[PDB]
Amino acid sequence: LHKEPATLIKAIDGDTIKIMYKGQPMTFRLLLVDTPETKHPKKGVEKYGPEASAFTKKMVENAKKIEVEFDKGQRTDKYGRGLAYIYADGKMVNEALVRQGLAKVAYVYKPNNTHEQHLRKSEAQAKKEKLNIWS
């Protein structure tokens, strides 16, 4: 797995960010994490939804460099969204959200599950600290 440079275009939700990748605007979905949504299909603006959303947004908007890291499996989902680990200044956005109890580790689909263990380790820590979602 390789990190590739990308440019922020706009944060959309806790789990979705629009980025310029290899010169193309693309919507990216954060791999392996589910955050509460402000959009969400059925639901709507669930609890911690606005919180996860502001977290992702501040973190990617205040970064000097954003990098995209594809997993070993398919790289887009059925909506055309990129499936990646997103890094802000060397820090993985997907892990940061899980470490703060602002996301749960998702339904996992091999072979896109390389950082599954790391994330689960951060999820257990946030639960144990009883943070946000976990309180």
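From 1 onward, residues are counted along the sequence shown.
According to the PDB record, 40 to 48 carries the higher mean C-alpha B-factor of the two stretches 53 to 61 and 40 to 48. For the pair 106 to 114 and 63 to 71, the record assigns the higher mean C-alpha temperature factor to 106 to 114.
For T16, the recorded CA B-factor ranks within the lowest third of the chain. Only modelled residues enter the ranking. For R29, the recorded CA B-factor ranks within the lowest third of the chain. Only modelled residues enter the ranking. Remark: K91 belongs to the middle third of its chain, ranked by C-alpha B-factor as recorded. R81 sits in the middle third of its chain by CA B factor, as recorded in the PDB entry.
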